[PDB]
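Peer 1: Sharing a structure, written as structure tokens. Questions coming.
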Amino acid sequence: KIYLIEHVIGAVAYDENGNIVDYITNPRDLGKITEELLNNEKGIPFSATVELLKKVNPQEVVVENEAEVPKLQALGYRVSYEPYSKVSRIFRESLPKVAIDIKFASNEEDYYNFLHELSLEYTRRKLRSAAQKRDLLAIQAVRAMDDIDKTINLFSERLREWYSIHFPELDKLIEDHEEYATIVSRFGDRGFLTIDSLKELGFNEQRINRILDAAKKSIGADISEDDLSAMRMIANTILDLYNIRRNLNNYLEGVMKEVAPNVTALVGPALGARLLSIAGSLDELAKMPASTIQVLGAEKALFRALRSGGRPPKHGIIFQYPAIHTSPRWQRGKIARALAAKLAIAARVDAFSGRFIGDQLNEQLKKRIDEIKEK
Amino acid sequence: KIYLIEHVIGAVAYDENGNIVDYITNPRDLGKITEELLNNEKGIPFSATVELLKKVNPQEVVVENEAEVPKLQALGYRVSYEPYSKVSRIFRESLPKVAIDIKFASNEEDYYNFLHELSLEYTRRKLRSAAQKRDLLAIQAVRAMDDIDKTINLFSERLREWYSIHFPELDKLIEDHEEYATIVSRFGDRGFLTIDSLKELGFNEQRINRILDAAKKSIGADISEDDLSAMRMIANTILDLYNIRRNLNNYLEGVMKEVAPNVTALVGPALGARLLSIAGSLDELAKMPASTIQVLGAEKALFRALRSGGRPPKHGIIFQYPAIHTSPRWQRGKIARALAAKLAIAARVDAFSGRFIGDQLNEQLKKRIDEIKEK
Amino acid sequence: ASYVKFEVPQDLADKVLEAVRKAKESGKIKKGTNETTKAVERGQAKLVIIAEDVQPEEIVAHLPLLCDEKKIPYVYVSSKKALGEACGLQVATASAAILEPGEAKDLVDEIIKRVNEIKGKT
Amino acid sequence: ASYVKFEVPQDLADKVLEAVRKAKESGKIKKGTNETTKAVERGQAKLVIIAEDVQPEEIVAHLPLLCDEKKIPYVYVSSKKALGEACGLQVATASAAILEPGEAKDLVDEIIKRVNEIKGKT
Amino acid sequence: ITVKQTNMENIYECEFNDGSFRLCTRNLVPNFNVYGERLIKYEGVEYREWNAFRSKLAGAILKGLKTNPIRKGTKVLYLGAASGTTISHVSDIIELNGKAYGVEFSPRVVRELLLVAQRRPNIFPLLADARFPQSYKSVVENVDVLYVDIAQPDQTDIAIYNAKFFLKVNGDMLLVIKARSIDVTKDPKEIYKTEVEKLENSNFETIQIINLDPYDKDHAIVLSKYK
Amino acid sequence: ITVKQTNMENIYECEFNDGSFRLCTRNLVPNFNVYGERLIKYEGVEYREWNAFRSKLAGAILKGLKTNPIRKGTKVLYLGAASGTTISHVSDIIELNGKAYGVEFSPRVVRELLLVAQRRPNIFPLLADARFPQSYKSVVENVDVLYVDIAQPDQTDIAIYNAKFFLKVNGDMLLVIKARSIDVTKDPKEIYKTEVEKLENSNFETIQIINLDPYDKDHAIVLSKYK
RNA sequence: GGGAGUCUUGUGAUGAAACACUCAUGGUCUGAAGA
RNA sequence: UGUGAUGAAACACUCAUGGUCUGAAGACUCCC
RNA sequence: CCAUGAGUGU
RNA sequence: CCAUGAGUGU
Ligand SMILES: Nc1ncnc2c1ncn2[C@@H]1O[C@H](CSCC[C@H](N)C(=O)O)[C@@H](O)[C@H]1O
Ligand SMILES: Nc1ncnc2c1ncn2[C@@H]1O[C@H](CSCC[C@H](N)C(=O)O)[C@@H](O)[C@H]1O
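Chains as they are written, first to last, in the deposited numbering: chain B, 3 to 377; chain A, 3 to 377; chain C, 7 to 128; chain D, 7 to 128; chain E, 5 to 231; chain F, 5 to 231.
Okay, here's the thing in structure tokens:
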């Protein structure tokens with residue numbers, strides 16, 4: 003029975019007493035070790051370990067990792083594993099020393115110099131594979147989107163309060179922010195409004211006259227071109243952001259169908275991205291119970307209920323789902339509970355690499371929803 | 003002794019008993035009555051009143067308003083006022099009726115029809131005189147600036163988090179948000195960076211090399227042009243906002259020196275505007291004690307101390323004054339108190355239309371500051 | 007001065023200063039423009055005294071506005087040095103307020119009623 | 007199936023279904039994938055049982071992952087209807103968990119130790 | 005659904021689709037709503053749903069207001085009209101015969117008050133400071149009810165000043181006492197006692213004292229008769 | 005200003021211009037600070053100001069940490085090194101002779117850990133999950149001290165698991181107990197007790213238990229010896 | 001009221017406090033000492 | 001230095017990690 | 001930060 | 001919403 007150790011130091015074999023039976027030292031090369039450590043994560047044995055398992059011809063071997071075991075079984079040996087064995091400790095107890103003994107380095111001084119830069123290079127590599135995950139860009143996108151959403155509202159609310167010094171009657175006459183924004187942008191003074199320029203936006207003539215009549219009869223203030231042009235900066239920026247938002251939504255849709263199609267199938271890119279942002283990653287959303295997905299984004303409300311035993315939230319960010327906020331109050335709980343269930347399945351089939359199955363998921367959901375509404 | 007009444011109905015003279023000695027009915031005309039109502043505010047008697055004070059020749063006359071008295075003393079009569087006299091009450095008790103009796107209208111039906119449209123037209127006029135005030139444009143401008151300030155910071159923190167998926171080392175290498183955004187905007191991919199484009203930003207030759215090396219050895223993720231252009235949308239919005247802020251700053255400076263030169267002299271345009279924004283107007287800023295102006299913008303801190311009997315804030319928005327936040331904690335209290343004191347003087351000379359005196363105020367202030375710092 | 011709305015005879019102006027002094031001893035007064043401002047805002051003052059020789063004028067100009075809003079009567083004196091040195095200060099004051107007359111109750115009530123007559127009030 | 011990490015013999019598989027049943031009576035179990043997930047995240051579960059015929063499979067693929075993070079042992083059975091009808095349900099179940107063994111402690115201890123052997127653990 | 009008269013003129017209650025009970029008034033300007041309120045037809049007559057959380061008057065009614073001095077043909081002086089939410093309902097009540105003079109000095113808000121007063125001949129808007137009744141002296145008459153809902157530290161004094169100007173003897177004043185806008189530090193219940201006392205010294209005859217909670221926090225309304 | 009040694013190796017106190025007392029450690033990389041801390045020269049030697057509010061170890065000391073198992077030339081396993089704030093100071097302490105292995109699984113944060121670990125040969129960064137000590141098994145050696153400051157519900161079990169891997173017998177473990185990251189519902193004082201018992205059943209010898217308040221709210225740190 | 005089945009349902013029935021902003025009004029420190 | 005001495009908690013945000021509901025019932029029909 | 005009245009976005 | 005670690009703006 004031979005206890006096998008795998009380290010930066012190379013590959014070492016031990017008897018059950020803790021004496022080095024045989025060893026094969028690794029090459030002192032940053033490149034190859036870093037790659038072999040990454041490979042070892044998947045269960046792949048060191049190349050130095052392979053050679054050593056040839057040198058010694060052992061009946062029973064026991065390794066540190068359970069992921070290695072089937073790999074070495076495929077290689078011809080009978081293999082098991084012991085997680086925190088006495089032998090594995092023995093090696094590491096003598097690891098300041100036995101680095102020199104098997105000649106990995108001449109002295110302690112530049113063993114550590116190497117191990118330090120191995121670590122630097124080993125994590126540099128891991129740092130990169132994290133950045134290469136596709137769902138991150140999805141997350142950053144919706145976050146910027148929500149920033150633009152928020153800003154649009156702030157700027158629009160500001161513009162209305164501001165521009166209404168000149169043309170107060172315009173505020174309550176135009177419901178939509180983008181429309182309001184375009185008018186302040188194109189004209190400025192209310193007395194520059196004309197039928198033809200206004201027909202160009204799509205305004206039915208009936209509303210144009212109401213706008214124009216309000217502008218004619220306006221109890222607003224007569225104001226200089228400097229004052230108006232100051233306001234128009236915000237109006238143009240508001241218009242800018244709406245365009246950027248529409249561009250980002252289209253981008254988000256692209257990436258989201260790519261990285262998590264089933265979730266997108268269920269709640270769309272925006273709300274889907276939004277849930278990824280809350281969970282942290284696609285893989286974290288996958289590991290969640292429906293009971294969590296259902297309340298994501300309602301943490302203040304949630305822990306309020308948990309501390310005091312009060313009423314929990316029915317829904318978190320999930321509230322944005324059309325079926326929920328449009329439906330009456332008593333149906334919302336059940337729709338959310340039903341959605342979250344399917345979302346959780348959707349997240350899991352998505353993350354563990356399943357192909358699209360959203361059609362039946364949506365069908366199942368709308369079935370369940372239709373039943374709820376008939377009562 | 004004749005008690006005189008002034009109303010939309012006209013001008014009526016009463017004895018102390020409450021009988022109409024004589025009256026002169028007003029014209030049933032929106033335009034003319036509205037103006038005399040506005041004029042009566044300043045003390046100017048109705049034209050109907052003058053005619054009436056001629057027909058009857060009373061030795062002692064008494065009016066409703068104290069502002070009318072000096073005007074009517076100038077006209078030759080001995081005049082006083084009783085604010086809520088029995089006579090004025092007697093008049094209005096019969097105001098449904100006496101409109102018809104002195105024939106201002108044929109019946110009750112279209113007295114109110116008229117009185118309504120006058121009221122609509124009278125306040126419509128006042129609505130305009132309020133909007134025409136210059137300090138309002140100052141307040142909206144600076145409020146919007148702070149809205150942009152807030153947005154610049156949010157988008158910048160988003161962009162850094164977002165772009166660092168591709169190029170993380172750039173984040174800690176550029177302190178300035180505007181600088182950072184400028185890199186992402188102009189170049190995009192990190193491998194597109196070139197020296198001359200960077201010399202153009204103002205980068206010293208030494209930093210250019212540190213940046214270029216970082217992009218070379220970057221452990222960031224390789225990403226599509228779709229992914230990059232998404233980020234650059236945010237980057238470009240940042241730069242837009244920076245320009246608009248400065249344009250708003252120049253606009254603000256002009257308005258602030260126009261509407262409040264003395265205050266502007268003490269603390270600059272923005273902070274002056276900011277204080278106007280908290281008070282609501284200049285005339286409201288003026289009426290404030292120094293102890294309030296000192297803590298404006300610290301309402302959370304202030305009302306906590308008033309509720310609990312704890313320690314009050316030293317400074318509100320006044321904190322932004324360079325001398326204060328640069329100074330150590332114990333000097334701040336004395337500097338703020340001195341500033342607020344001078345600010346109150348500045349506000350009052352501003353509101354009550356005094357000509358510029360900011361130079362001596364600043365001089366007085368900088369003296370006290372220097373005295374404080376010499377300890 | 008332009009913030010001075012009416013004319014105070016010196017017999018009245020002197021009876022004013024005396025009413026203040028008795029109020030330091032037996033009642034409660036406020037000294038300074040900022041505290042007078044708060045006294046009007048808070049509705050504590052029964053009588054507000056403002057100096058006619060303030061430099062610059064606008065420092066106390068808001069007090070007429072404030073006092074009419076809260077309908078608190080105000081009176082003028084000729085010297086700011088005298089009013090401050092009345093107040094128990096060895097320095098000037100631009101304006102002051104009496105919160106509690108005490109043994110100046112009768113004295114104040116006559117002032118606030120004389121300044122009404124010169125204000126043309128019936 | 008692909009979420010099934012190791013191979014469970016029907017003799018072992020039967021000792022599981024029985025072990026679940028006694029735990030309904032004498033201990034505490036959780037039935038359903040969502041409750042099982044919550045049981046592992048919270049670290050309450052002593053033994054996790056997963057069915058081999060879930061459709062789609064990915065529904066329960068996460069339990070092996072979750073169980074290794076919190077180091078809770080897991081086992082497979084062949085039929086989801088069988089695991090559910092054990093659990094005191096007349097409907098299927100994809101996965102279940104024993105939080106408290108009760109009168110099955112000895113039975114469970116053998117299962118969690120036999121699945122160790124086929125896992126190649128010394 | 006069912007609509008029926010209550011003890012007070014032109015004020016009705018609704019039996020609803022589910023069985024809830026909400027206040028309403030007879031719509032003076034049918035097919036048009038001043039805030040977001042529901043429009044309801046019953047036996048071909050339209051009523052406006054009166055939200056109590058918004059209107060203090062509706063609250064005081066839902067809180068046991070003994071008698072309402074606002075009815076068909078009432079002349080009311082309304083200090084602090086604001087956006088016109090509440091005053092619109094009293095417009096419905098007084099019903100063309102009655103008149104309502106709405107004082108309000110905040111331009112940002114009188115702006116939408118304008119809109120309400122246009123469709124409603126009942127209402128005579130006034131952009132003015134309720135502390136100086138001399139500025140609207142020349143538009144209004146004496147009144148039956150003095151409704152006062154103004155956020156001011158000296159709100160009570162203001163009301164009294166206005167009363168001896170425009171409030172008929174044996175007329176009524178509804179005074180909304182805003183505790184937290186009078187003093188955020190003092191106990192709301194202390195303020196109520198001291199303010200009612202002020203009314204009682206100016207020979208007002210306190211009829212009823214209502215707490216608007218839970219519809220309005222830290223608020224009370226006084227009904228009293230001027231002598 | 006004045007600087008002098010303390011009861012513990014490579015840990016110093018400062019008398020200041022005003023008369024305040026703040027902890028500090030000897031600058032391993034002079035002229036360079038990992039966060040915003042003051043750099044201070046005294047008799048031509050540079051020290052780094054050790055803010056206790058940021059570092060739990062500095063807190064534990066200022067709260068009466070009896071003895072420190074982290075000294076000159078100590079080998080430590082540091083689970084949850086994060087941005088490198090605290091671990092940079094233990095770098096100063098162990099001083100090139102000693103070795104510090106920082107496990108941290110948050111890349112967003114290891115990003116800035118790297119910067120600290122390049123400048124400091126003491127520290128060996130490892131982007132790995134402390135729940136799986138097998139994944140960094142092949143890089144480290146055994147250690148004297150197990151410093152565990154990880155936000156995890158089963159944080160204590162993780163620590164014990166890592167312990168029987170890498171912690172020398174008779175080594176010391178500093179385990180930071182995050183009550184609110186174990187359970188926000190349960191009372192912090194209840195949690196401290198139940199977790200320490202986990203250590204004692206796993207034959208750690210509880211030496212000292214410190215409450216970090218006010219430096220860290222709802223936090224406690226335990227010192228015990230592994231057998 | 002007694003009995004008897006059917007469909008949906010642990011791949012989730014039942015119960016159950018989603019989040020983020022703007023405007024307008026008022027409540028807005030101390031008070032004679034300091035080098 | 002009452003034209004304000006002395007005392008004395010200015011405001012707005014970002015990221016990372018952990019703490020993330022309940023758990024078996026609901027709806028219909030047929031026989032006297 | 002408290003209270004009142006009017007609104008906005010996902 | 002709690003705690004921890006890292007930062008930003010007027
Ligand atoms: N001194 C004053 N004179 C006139 N209006 C005042 C005033 N002080 C405050 N107000 C106004 O009074 C209003 C009080 S809010 C009252 C809401 C309204 N009565 C309703 O129930 O719908 C505010 O809009 C404010 O602008
Ligand atoms: N399972 C895990 N394995 C390793 N690190 C973890 C972890 N869970 C949380 N952490 C990390 O532990 C850190 C706790 S804050 C402690 C920081 C460090 N001890 C210092 O004082 O400087 C967090 O940054 C978090 O990213």
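Note that CB positions come from ideal geometry on N, CA and C, so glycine has one too.
#1: Using a Cβ-Cβ cut-off of 7 Å (strictly less than) and excluding sequence neighbours within five positions of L117 (chain B), which residues of its own chain qualify?
#2: Taking DSSP as the reference, what is the three-state secondary structure of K105 (chain B)?
#3: In angstroms with no decimal places, state the Cα-to-Cα distance between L6 (chain B) and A155 (chain F).
#4: Relative to the C-alpha of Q142 (chain A), which residue among B:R160, B:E255, B:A146 is closest?
#5: Of the residues A:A292, A:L298, A:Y165, A:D178, which one's Cα is nearest the Cα of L273 (chain A)?
#6: Assuming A348 (chain B) and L363 (chain B) make a contact with CB atoms under 8 Å, what is their CB distance in whole Å?
#7: Rounding to the nearest angstrom, what Cα-Cα distance links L172 (chain B) and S166 (chain B) in this structure?
#8: Can you tell me whether residue 261 (chain E) sits near ligand 1, meaning its C-beta is under 8 Å from at least one heavy atom of the ligand?
#9: Under 8 Å by Cβ, that's how I've got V144 (chain A) and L287 (chain A) pegged, so tell me the actual separation to the nearest angstrom.
#10: Nearest to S228 (chain E) by alpha carbon, out of E:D222, E:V33, E:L171?
#11: So what does DSSP say about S49 (chain A), is it helix, strand or coil?
#12: When you compare the CB positions of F128 (chain F) and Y151 (chain F), do they come within less than 9 Å of one another, or not?
#13: Just grab the DSSP bridge partners of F25 (chain F) for me.
#14: Going by the CB atoms, is the gap between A134 (chain E) and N166 (chain E) shorter than 9 Å?
#15: If the cut is a Cβ gap below 7 Å, which residues of chain B does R115 (chain E) touch?
#16: So which residues of chain E does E75 (chain C) contact, with C-beta pairs closer than 7 Å?
#17: Measuring only from the beta carbon, is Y82 (chain F) closer than 8 Å to any heavy atom that is part of ligand 2?
#18: I'd like the ranges of any alpha helix (DSSP H) spanning at least 4 consecutive residues and lying wholly in the region 294-346 of chain B.
#19: Quick one, which residues of the region 191-221 of chain E are near chain C if we go by CB-CB under 7 Å, in chain order?
#20: Alpha carbon to alpha carbon, what distance is there between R75 (chain E) and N11 (chain E)?
#21: Going by DSSP in three states, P107 (chain D) sits in which element: helix, strand or coil?
#22: What does the alpha-carbon distance come out to for the pair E95 (chain A) and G126 (chain C)?
#23: Scan the region 77-146 of chain B and note each continuous alpha helix (DSSP H) run of 4 residues or more that stays entirely inside, going in chain order.
#24: Measuring only the C-alpha atoms, how far is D96 (chain E) from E43 (chain A)?
#25: Reducing DSSP to helix, strand and coil, say where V269 (chain A) ends up.
#26: What in chain A is Cβ-close to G222 (chain B), meaning under 7 Å?
Peer 2: In short, the structure shows the following:
#1: Reading the first sequence from its first residue, position 115 is the one you call residue 117 (chain B). The answer, listed in chain order, is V10.
#2: Your numbering for residue 105 (chain B) matches position 103 in the first sequence. Coil at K105 (chain B), not helix or strand.
#3: Position 4 of the first sequence, counting from 1, holds the residue named residue 6 (chain B). Position 151 of the sixth sequence, counting from 1, holds the residue named residue 155 (chain F). The straight-line gap from Cα to Cα measures roughly 33 Å.
#4: Here the question's residue 142 (chain A) lines up with position 140 in the second sequence. Cα-wise, what sits closest to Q142 (chain A) is B:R160.
#5: The sequence position of residue 273 (chain A) within the second sequence is 271, counting from 1. Considering only alpha carbons, the answer is A:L298.
#6: What you label residue 348 (chain B) is simply residue 346 of the first sequence in a count that begins at 1. What you label residue 363 (chain B) is simply residue 361 of the first sequence in a count that begins at 1. Separation of the CB atoms of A348 (chain B) and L363 (chain B) is rounded to 6 Å, and the pair is thereby assigned contact status at 8 Å.
#7: In the first sequence, counting from the first residue as 1, residue 172 (chain B) sits at position 170. In the first sequence, counting from the first residue as 1, residue 166 (chain B) sits at position 164. Answer to the nearest angstrom: the Cα atoms are 7 Å apart.
#8: Since the first and last residues shown for chain E are 5 and 231, residue 261 (chain E) lies out of range.
#9: For the purposes of this step, residue 144 (chain A) is taken as the residue at position 142 of the second sequence. For the purposes of this step, residue 287 (chain A) is taken as the residue at position 285 of the second sequence. Actually they are not in contact, since the Cβ atoms of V144 (chain A) and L287 (chain A) sit about 13 Å apart, beyond 8 Å.
#10: Reading the fifth sequence from its first residue, position 224 is the one you call residue 228 (chain E). It is E:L171.
#11: Counted from its first residue, the second sequence places residue 49 (chain A) at position 47. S49 (chain A): helix per DSSP, three-state reduction.
#12: Here the question's residue 128 (chain F) lines up with position 124 in the sixth sequence. Here the question's residue 151 (chain F) lines up with position 147 in the sixth sequence. No; because the gap between Cβ atoms is not below 9 Å, this pair is not in contact.
#13: What you label residue 25 (chain F) is simply residue 21 of the sixth sequence in a count that begins at 1. DSSP, once it has assigned bridges, lists F:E19 as partnering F25 (chain F).
#14: Indexing the fifth sequence from 1 puts residue 166 (chain E) at position 162. Indexing the fifth sequence from 1 puts residue 134 (chain E) at position 130. Yes, they are a contact pair.
#15: Stepping through the fifth sequence from its first residue, residue 115 (chain E) is reached at position 111. Simply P170.
#16: In the third sequence, the residue the question calls residue 75 (chain C) occupies position 69. Neighbours of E75 (chain C) on chain E, chain order: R135.
#17: Counting from 1 along the sixth sequence, the entry for residue 82 (chain F) is found at position 78. For ligand 2, at least one heavy atom lies less than 8 Å from the Cβ of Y82 (chain F).
#18: Segments of the alpha helix (DSSP H) lying fully in the region 294-346 of chain B: 301-310, 324-328.
#19: So the list is empty, because no residue satisfies the distance condition.
#20: Start at 1 with the first residue of the fifth sequence, and residue 11 (chain E) comes out as number 7. Start at 1 with the first residue of the fifth sequence, and residue 75 (chain E) comes out as number 71. Distance between the alpha carbons of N11 (chain E) and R75 (chain E) is about 11 Å.
#21: To locate residue 107 (chain D), count along the fourth sequence from 1; it is residue 101. If DSSP states are grouped into helix, strand and coil, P107 (chain D) belongs with coil.
#22: What you label residue 95 (chain A) is simply residue 93 of the second sequence in a count that begins at 1. What you label residue 126 (chain C) is simply residue 120 of the third sequence in a count that begins at 1. Each residue's Cα considered, the two are about 26 Å apart.
#23: 88-95, 100-103, 111-133
#24: Here the question's residue 96 (chain E) lines up with position 92 in the fifth sequence. Here the question's residue 43 (chain A) lines up with position 41 in the second sequence. So the two alpha carbons sit approximately 33 Å from each other.
#25: Within the second sequence, the letter at position 267 stands for residue 269 (chain A). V269 (chain A): helix per DSSP, three-state reduction.
#26: By one-based count along the first sequence, residue 222 (chain B) stands at place 220. Those within 7 Å of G222 (chain B) in chain A are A133.
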